[PDB]
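Structural overview
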Amino acid sequence: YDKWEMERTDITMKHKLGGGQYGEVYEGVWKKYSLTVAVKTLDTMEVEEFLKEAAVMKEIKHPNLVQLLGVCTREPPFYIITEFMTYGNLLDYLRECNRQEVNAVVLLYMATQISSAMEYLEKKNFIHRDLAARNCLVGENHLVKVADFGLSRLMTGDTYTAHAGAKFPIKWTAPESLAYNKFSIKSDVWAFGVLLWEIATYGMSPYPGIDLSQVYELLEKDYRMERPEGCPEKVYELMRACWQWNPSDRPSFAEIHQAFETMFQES
Ligand SMILES: *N1=[C][C]=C2[C]=C(O[C])C(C3=[C]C4=C([C]=[C]3)N=C([N]C(=O)[N][C][C]=O)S4)=[C]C2=[C]1
């Protein structure tokens with residue numbers, strides 16, 4: 001709390017990041033260290049929600065989770081200051097990358113990193129609820145960090161019920177969430193599967209061409225996305241395992257990370 005607090009004049013604001021895709025996030029400079037930082041500023045979302053986002057993040061410490069640096073929560077406008085990522089989101093990164101550099105073993109390394117962060121959150125009784133390539137960020141040397149700004153506290157055996165009339169990213173959303181607004185860590189496992197598919201396709205859109213209003217119906221009848229071009233069968237089986245209808249049948253992130261660790265060590 002107090003140790004995280006810093007004065008607003010320690011930061012110089014530059015231009016907005018991502019053209020508003022991340023919301024009110026600006027590139028900033030922490031003058032004292034001459035360090036480029038990311039500053040979330042607050043219309044927009046509610047104040048207490050904003051403040052809780054900051055409160056949760058200072059409990060979070062993992063090499064593959066975006067790190068909180070400080071906060072300005074004494075006088076408006078409120079600031080949340082996090083580390084700045086060199087390249088931006090994983091989706092645009094994969095679409096624009098050199099695939100000879102970002103090859104099969106790099107993809108595996110990226111999945112291992114993301115699954116490592118989710119294994120951590122799983123242990124710390126958190127859920128993400130928006131795991132996707134657009135919410136992963138990339139630093140140099142194929143470093144990947146999961147954005148952890150919308151984390152919810154949830155015990156491992158419990159269920160989060162989203163508010164009435166909530167809008168979901170349908171093509172990343174688990175069937176129990178689409179139908180009953182229920183979220184759990186197994187729901188993040190589903191989203192991870194789709195995130196894997198994004199990575200294996202270098203940023204293709206999920207269920208391409210398929211009408212959003214029929215996605216749930218397709219899932220009911222056990223339709224699943226095809227094995228991507230050049231995707232290892234073992235990796236695709238992990239994807240299919242993530243997309244099991246019964247959430248309790250889906251793998252934990254501990255098992256997912258272990259499987260990816262093995263593959264990354266054997267290539
Ligand atoms: N508050 C709430 C939500 C946030 C989401 C989010 O991204 C998912 C960020 C964020 C965005 C970016 C960061 C760091 C954190 N670094 C970037 N680098 C970049 O774009 N490089 C290319 C050009 O400079 S983008 C913050 C959020 C805060």
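Structure determination for this entry is recorded as X-ray crystallography, at 2.4501342407 Å resolution.

1. So, the site of the ligand
Near the ligand, the surroundings consist of 15 residues, among which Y22, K40, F84, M85 and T86 are the closest. In the model, a nitrogen atom of the ligand is placed 2.4 Å from a nitrogen or oxygen of the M85 main chain. Interatomic distance of 2.9 Å between a backbone N/O atom of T86 and a nitrogen atom of the ligand. About the coverage of the ligand: the protein hides 83% of its 600 Å² of free accessible area. Grouping the constituent residues of the shell around the ligand by class yields 10 nonpolar, 3 polar and 2 charged. Summarising the domain contributions, the shell around the ligand has at least three residues from each of domain 1 (1–84) and domain 2 (85–266).

2. A short note on the packing of aromatic side chains
One pass over the structure, following the stated rule, counts 7 aromatic pairs. Where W30 meets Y33, the ring centres are 4.9 Å apart and the plane angle is 75°; that geometry is what we call edge-to-face. For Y33, a relative accessible area of 58% puts it in the exposed group. Three or more aromatic residues link up through ring pairs in this structure, and these residues are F192, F253 and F260. The ring of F183 has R129 sitting right over it, with the charged end atom 5.8 Å from the ring centre. Above the ring of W172, the side-chain terminus of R134 is found at 4.5 Å from the ring centroid.

So, how was this worked out
- Residues numbered from 1 in each chain as written, not as in the entry; some residues may be left out.
- Heavy atoms only, no water.
- Residues with missing side-chain atoms left out of burial classes, pairs and counts.
- Near = heavy atom within 4 Å.
- Polar contact = N/O pair within 3.5 Å; in protein donor to acceptor, adjacent residues only side chain to side chain.
- Areas by Shrake-Rupley, 256 points an atom, 1.4 Å probe, with all protein chains shown as cover.
- Nonpolar A, V, L, I, M, F, W, Y, C, P; charged D, E, K, R; others polar.
- Domains from an automatic or database assignment.
- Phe/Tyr/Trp six-rings, centres within 6.5 Å; stacked < 30°, edge-to-face > 60°.
- Buried < 20%, exposed > 50% of the residue type's maximum accessible area, 1.4 Å probe, protein only.
- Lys NZ or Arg CZ within 6 Å of the ring centre and 35° of its normal.

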